[PDB]
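Trainee: Listed in order, the protein sequences are those of chains L, L', S and S'. A prime marks a further copy of an entry chain.
The deposited numbering runs 17 ahead of the 1-based position in the first sequence.
The deposited numbering runs 17 ahead of the 1-based position in the second sequence.
The deposited numbering runs 500 ahead of the 1-based position in the third sequence.
The deposited numbering runs 500 ahead of the 1-based position in the fourth sequence.
There's a structure below that I have some questions on.
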Amino acid sequence: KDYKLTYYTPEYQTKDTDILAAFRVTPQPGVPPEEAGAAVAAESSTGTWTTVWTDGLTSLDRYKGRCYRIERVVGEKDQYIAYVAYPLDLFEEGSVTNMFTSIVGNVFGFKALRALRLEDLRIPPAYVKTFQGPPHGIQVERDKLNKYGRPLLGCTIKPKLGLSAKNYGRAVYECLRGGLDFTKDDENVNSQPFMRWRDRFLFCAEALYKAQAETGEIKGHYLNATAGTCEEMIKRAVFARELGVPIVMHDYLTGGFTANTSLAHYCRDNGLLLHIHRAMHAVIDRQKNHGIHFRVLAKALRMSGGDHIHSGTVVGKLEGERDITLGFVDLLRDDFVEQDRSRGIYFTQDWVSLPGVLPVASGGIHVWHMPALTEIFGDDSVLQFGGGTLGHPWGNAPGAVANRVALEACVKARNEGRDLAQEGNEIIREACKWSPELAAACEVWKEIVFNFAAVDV
Amino acid sequence: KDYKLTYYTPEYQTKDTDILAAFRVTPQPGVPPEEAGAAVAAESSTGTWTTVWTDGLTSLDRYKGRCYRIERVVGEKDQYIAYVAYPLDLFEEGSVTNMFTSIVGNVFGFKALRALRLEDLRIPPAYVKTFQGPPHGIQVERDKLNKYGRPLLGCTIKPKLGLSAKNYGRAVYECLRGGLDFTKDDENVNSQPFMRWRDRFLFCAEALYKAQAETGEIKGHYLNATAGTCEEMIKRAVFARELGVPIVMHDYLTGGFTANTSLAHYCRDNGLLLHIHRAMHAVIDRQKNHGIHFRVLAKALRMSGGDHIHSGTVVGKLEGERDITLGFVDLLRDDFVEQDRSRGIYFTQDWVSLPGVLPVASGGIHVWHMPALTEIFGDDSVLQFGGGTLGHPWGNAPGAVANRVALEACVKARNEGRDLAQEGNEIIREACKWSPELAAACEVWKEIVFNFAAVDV
Amino acid sequence: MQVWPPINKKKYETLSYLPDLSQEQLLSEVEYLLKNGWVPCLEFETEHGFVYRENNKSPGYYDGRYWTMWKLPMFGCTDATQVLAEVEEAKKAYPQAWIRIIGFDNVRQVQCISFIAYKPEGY
Amino acid sequence: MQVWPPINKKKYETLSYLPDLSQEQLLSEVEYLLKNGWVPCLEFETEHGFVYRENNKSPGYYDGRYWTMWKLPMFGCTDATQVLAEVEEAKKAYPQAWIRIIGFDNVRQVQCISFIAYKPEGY
């Protein structure tokens, strides 16, 4: 089957309504780039080795994917970037499920290729308008919560699996009362023998309302609605609505796009914020040669629907990887993101006012990382801590206070014109003076970085 | 029909997925034990005297019950214990109704037997997982009610049948305000000319909320939802949910397992605690030679669903009978109960985290019985009084206070290292000094046991 | 015949119907926790000393069940006096607060003890 | 080890966990707004200083989010002292009121700043 002479069209001028795809192709030895890129386009559209009579009862050239360009990858050899264009008509309106089925449904198993990786997708404005997108989005969320001028703060309740409903609520209250905005249900925590969902929702609501009453600030707890069936999932969200809480949670990849879109629609119709966890993403997005890059999985979530989405951590990453992260963070928050291959952005993406998603940074984050995080992500982000709150010597509340004080010290310093990049450690040092909670959290750090301590007067 | 050569299989090695049954068989004269035990297994599974053509369109040896062991009873002669094994496939998932139909459906009427009694059943983990079990269970219940470190206290409103809705509520308020946690609808009290259900639910809710507001402790009243049809039963529970009360009640044996499982499911989905009354049990479980022992009826309730279950009284029982009671109490509360023939436990029962049920002790219980009850049952129990509260000289509230003071005196003494078994009477004596209510309840008792009275200073 | 008071008789669950525990009795209770291997912990409350229902009235929901934790659960504690010391420190900092001692069991992720240790003036 | 107070620690969002801003620091914050092209505006409240839920309890609904505007947004304001002057005038007229400075962004129809500038006695 010589696809090259039908699916490889370098003269093709892409239309405003086309869905464009950037594939990183690693063809089998002997297989030319043009033929590999044509095999990719062919398999993900009409998929024909030759011709059958039914192909005459329509126009093949109307519904075919077209490889219009090939580019050799600067680094490794035997690796190319194939650009494919898909007609708007191939896709069902409002269905991320159909978009993924058409583009990544069968091509990754083609024999002529050794490895295949979808790097990016250009979602045209005409297809974007068929999606509801985030239930609320960054702006509406800040307005509902009445929180402005700083990153939001959250913490994970540990251990992951194991705690009872009442103990879970206790940790929720202690963390929230200390200065945190949100607490989190573990992604694995749904409904189990040690803790059934309804009891958890009930005690967590009691805990979050107490902390809100005590502090005077609006609180929220991501109540996991992920379930075995769509009916159970909705049944769980319905109870969150009855309790009057602000936010629910969902594991979009393990739950699935069909179920996630249903929940997102429900959340829009009922005023619930939707926190998304990316569990299982690394089985798909880790290897550089095979799979789907997270930036595509992030675009899919923004279309399907979610107000927050876990987007990893930037701590301990080479600029390089950091640039890739900032690349997809922009794709999630901004309305218009211009093409920029240096940050892994293969296409200019126009979101035509689709609400932006709040990126959630988590993973080994400590108070002394606050300066760098505040500078890198900016205000529109949610910074989540695990052992930085639970692992504080004095407990949850003092641990939450330490993180809240550290963050506000960074915000104040930034606003006063200080460079968070070079004065970071000093900013935390000064803050330790007026915060016993922050000081106790910085002990081991002071000994290594400052070779001491202390205070003076 | 010679079952013995097909249903009596002493070489059979039981599987982890088998439902095991321990039958106490009293065969007709002349009928051998092996043949009797094989008749029991045959009748409660495939039930064939000989063979018909349809038996070849399947494998008889795949769905047959097997008597794998016989044991002569030490005491009486002509009495044996037959052990039968049933394949997991014979049973419908989540249906206690089907389990009872298959095992006890026809065998008790077999002619070759003079009497038959089901003593125990080994419910394998694979079948246990198909049941929801108690709506909440011991732990969640204590957490919802915020009650720890002592047995719970309840009282019955008397007379059984006869009082009006408002008078019923009055007794409810007086008892609850005095220190009791729960009050009880009589098992016979459903909806009658003298008192319709809705009026009772309405006045009892008013009474329990007043007592809760007055005392500062969470109160509950078992509102009987037992009814003629499933629709009426649910309709009654729905109103309890609208009133926001914590607990409802059901007579599982007269109402039935199909209806009880429906109510239990409803209670889980709506956060209602379910109190179970064992009315009619003695027509089934009293005779040692024929029927079903309560330990099996208790296992069935824990599977079908219930948070509390009446399990009789231990007062005035020989160790012997007391050991049998502690045997089924463990089967109701614990996760793993090892085999122990001395306490009537024929099989090791693994409950694989199915919630435990709170045993309810009632029947001629007086304040001076408190020491023995607290020691025998422990904290995880509900102690119910009838005339010990209503029959108090000063009325309901002072009667409730006497029982609450007596119980707390026993708990304190136990915690301080005192032996409730030998110091019981003295503990109540000391308590009478600081409680006029307790003193008045102990008058006739003081005269007999202590040959007096009084106080000193 | 006496009438049980409908006012000024607010309770705090287990042991609250007995006369106020003397320091010696309070100490014996803590030793029961330790002897059983239970982890002691202190909780206190300054505003709502009793349950109420402001945010929801569905079955099983009540506000005021959770109190605020005093420091952290005392793991590895072997001396019951260490626990008694914290109660003194707590009422020293918050004299107008209700203080209670709770116990946690690990075989069971549960709480299995809860008794009042200090009550504010007029309670 | 210290216990975080369950009372008298009411907050007002951004910057409220830091020591009360000195007039100099308060002025630096206003200059951040101006440097970014944000329109400053003052809001004050005399009765409900914190959110509550009286009219509805559905998801996302809270009473007390809106405060009353002090005059008008300060468009074209180039001097941060003009803003600081208004805070003095506001607390002069309403000493028992909480006063906060908010900032508005135009590229985005949004508010993007909100910090407390004055708190009444005992707060």
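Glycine included, each C-beta is placed from N, C-alpha and C at the ideal position.
(1) Opposite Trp-368 (chain L') in the DSSP bridges: which residues?
(2) In terms of alpha-carbon separation, which member of S:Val-587, S:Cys-577 and S:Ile-507 lies closest to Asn-536 (chain S)?
(3) Would you kindly work out how many angstroms separate the C-alpha atoms of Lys-201 (chain L) and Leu-291 (chain L'), rounded to a whole number?
(4) Quick one: what does DSSP say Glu-136 (chain L) is sitting in, helix, strand or coil?
(5) Give the single residue among S:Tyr-512, S:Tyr-517, S:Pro-595 and S:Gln-502 whose Cα lies nearest to the Cα of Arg-421 (chain L').
(6) Decide if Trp-567 (chain S) is buried, meaning its Cβ has at least 16 other Cβ atoms within 10 Å, or exposed.
(7) Just tell me which of S:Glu-621, S:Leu-526 and S:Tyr-512 has its CA closest to the CA of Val-587 (chain S).
(8) Would you mind working out which of L:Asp-357, L:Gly-395, L:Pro-50 and L:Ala-182 sits nearest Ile-341 (chain L), comparing C-alpha positions?
(9) Per DSSP, which residues does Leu-375 (chain L') bridge with? Please list them.
(10) If you follow the alpha helix (DSSP H) that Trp-462 (chain L) is in, where does it begin and where does it stop?
(11) Count the other CB atoms, across all protein chains shown, that sit within 10 Å of the CB of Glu-259 (chain L'); report buried if there are 16 or more and exposed otherwise.
(12) For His-267 (chain L'), which beta-bridge partners are listed by DSSP?
(13) Return the residues of the stretch 531 to 552 of chain S that lie within a Cβ-Cβ distance of less than 9 Å from chain S', sorted by chain order.
(14) So, helix, strand or coil for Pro-388 (chain L), using DSSP?
(15) What whole-angstrom Cβ distance do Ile-507 (chain S) and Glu-543 (chain S) have, given they're in contact under 8 Å?
(16) Give the interface partners of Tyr-562 (chain S') over in chain L, defined as CB-CB distance under 7 Å, in chain order.
(17) Helix, strand or coil for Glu-191 (chain L') per DSSP?
(18) From this set, L':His-383, L':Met-297 and L':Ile-444, which residue's C-alpha is nearest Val-461 (chain L')'s C-alpha?
(19) With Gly-403 (chain L') and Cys-247 (chain L') assumed to form a contact (beta carbons below 8 Å), what rounded beta-carbon distance in angstroms separates them?
(20) Run down chain S in chain order and give the residues with a C-beta less than 8 Å from the C-beta of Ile-507 (chain S').
(21) Can the beta-carbon of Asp-367 (chain L) be found closer than 7 Å to that of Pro-142 (chain L)?
(22) Would you call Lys-161 (chain L) buried or exposed, if buried means 16 or more other Cβ atoms sit within 10 Å of its Cβ?
(23) May I ask which residues mark the beginning and end of the alpha helix (DSSP H) holding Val-583 (chain S')?
(24) Since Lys-227 (chain L) is in the alpha helix (DSSP H), which residue starts that stretch and which ends it?
(25) Closest to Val-551 (chain S') by CA distance: which of L:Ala-228, L:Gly-395 and L:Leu-390 is it?
(26) So does the stretch 29 to 45 of chain L' actually touch the stretch 132 to 146 of chain L', counting three or more Cβ pairs closer than 8 Å?
(27) Excluding five sequence neighbours on each side, which residues of the same chain lie with their C-beta closer than 8 Å to the C-beta of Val-530 (chain S)?
(28) Is the stretch 361 to 379 of chain L close to the stretch 207 to 226 of chain L, with three or more CB pairs under 8 Å?
(29) Any beta carbon of chain S sitting closer than 7 Å to that of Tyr-185 (chain L)?
(30) Residue ranges of each alpha helix (DSSP H) run of no fewer than 4 residues wholly in the stretch 88 to 130 of chain L', ordered along the chain?
(31) Determine the burial state of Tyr-623 (chain S): buried for a count of at least 16 other Cβ atoms within 10 Å of its Cβ, exposed for fewer.
(32) Below 8 Å between beta carbons is the criterion; list the residues of the stretch 267 to 292 of chain L' that meet it against any residue of chain L, in chain order.
(33) Using a Cβ-Cβ cut-off of 7 Å (strictly less than) and excluding sequence neighbours within five positions of residue 447 (chain S'), which residues of its own chain qualify?
(34) Under 7 Å between beta-carbons, which chain L residues line up against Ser-370 (chain L')? List them in chain order, please.
(35) Taking DSSP as the reference, what is the three-state secondary structure of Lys-571 (chain S')?
(36) Mind reading off the beta-carbon distance from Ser-62 (chain L) to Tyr-80 (chain L)? Whole number of angstroms is fine, and I expect it under 8 Å.
Mentor: Let's see:
(1) DSSP lists no partner for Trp-368 (chain L').
(2) S:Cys-577
(3) 31 Å
(4) strand
(5) S:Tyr-517
(6) buried
(7) S:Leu-526
(8) L:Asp-357
(9) L':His-325
(10) 460 to 466
(11) exposed
(12) L':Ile-293
(13) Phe-544, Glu-545, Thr-546 and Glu-547
(14) helix
(15) Their Cβ separation, rounded to whole angstroms, is 26 Å, which puts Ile-507 (chain S) and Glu-543 (chain S) out of contact at 8 Å.
(16) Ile-235
(17) helix
(18) L':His-383
(19) 31 Å between Cβ atoms; not a contact.
(20) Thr-546 and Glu-547
(21) yes
(22) buried
(23) 580 to 593
(24) 214 to 232
(25) L:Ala-228
(26) yes
(27) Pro-540, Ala-580, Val-583, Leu-584 and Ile-601
(28) no
(29) no
(30) 113 to 121
(31) exposed
(32) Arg-285, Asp-286 and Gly-288
(33) A question about residue 447 (chain S') goes unanswered here, because the residues of chain S' that appear run from 501 up to 623.
(34) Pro-210
(35) coil
(36) 7 Å
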